[PDB]
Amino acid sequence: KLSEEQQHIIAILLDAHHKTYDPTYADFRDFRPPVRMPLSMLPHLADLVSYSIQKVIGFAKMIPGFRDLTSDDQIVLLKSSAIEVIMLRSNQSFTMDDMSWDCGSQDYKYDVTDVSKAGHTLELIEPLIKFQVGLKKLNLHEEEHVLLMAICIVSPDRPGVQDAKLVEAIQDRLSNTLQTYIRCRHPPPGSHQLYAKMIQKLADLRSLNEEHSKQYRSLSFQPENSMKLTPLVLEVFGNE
């Protein structure tokens, strides 16, 4: 069985996700409009990413144990993980019907071409879509989804981490919760090697983070493109 502490961890992570992920996508109306007709989708997608960063932070602050870290380490973990958690949380809007992120209306349905119109190439987008399909195919329980985001954030091996032992301690508590959850609550056959597959997804995310970082560096180096970003994106991802 799940211990009471493990049940507690899951309850808190579910609530945290519900408080930071609006499945109606109502706030998207506040973003600069999408334009499809260069880099025409950069203002909209920069605003989507900026908003998403704010939400990833709100979720992270609620991870049991996250508060016990120094603000320095909190910063390092959030800076390094932001794009990966956005990629993870985006799986909720992703649909394999047509390989797109469907956020409720034609205006807010993003396909491969929209992402390339934010300054990105297939070198990133092809593995990104393959990641999204592989992740969908795991048919994760919401419980597993929120634990995986939490484990993603509290990763002791991120560059610049000071108290790695404490970060590892918090991550182990989440990892063990996830393994026990799978054992007790995820029935076979769907549970077959499920934890190892979830961890492989974290590995894939590191490669996606690297390639995104490379393409973002190149994008943002052009002052006309960085003019289109937000102050939070520049602070988190880089300002040339």
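Here, rigid core means the biggest group of C-alpha atoms that superpose within 1.5 Å across both forms. For every residue, the number given is its place in the sequence shown, counted from 1.
- Using the rigid core as the fitting frame, the root mean square C-alpha deviation in 9 other deposited structures of this protein is greater for 212-220 than for the other of 7-15 and 212-220.
- Comparing the two stretches 190-198 and 176-184 by root mean square C-alpha distance in 9 other deposited structures of this protein, with all structures fitted on the core, the more displaced one is 190-198.
- Here the stretch with the larger average CA B-factor, out of 81-89 and 106-114, is 106-114.
- Judged by mean Cα B factor in the deposited record, 213-221 ranks above the other of 213-221 and 227-235.
- Reading the B-factor column for the CA atoms of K197, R206, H186, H44 in the entry, the top value corresponds to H186.
- When the modelled residues of the chain are ordered by C-alpha B-factor, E168 sits in the highest third.
- Compared with the other modelled residues of the chain, the Cα B-factor recorded for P156 ranks in the middle third.
- In the PDB entry, a CA B factor belonging to the highest third of its chain's modelled residues is recorded for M96.
- Among all modelled residues in its chain, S71 ranks in the highest third by Cα B-factor.
- Looking at the C-alpha B-factors along this chain, the one for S50 belongs to the lowest third.
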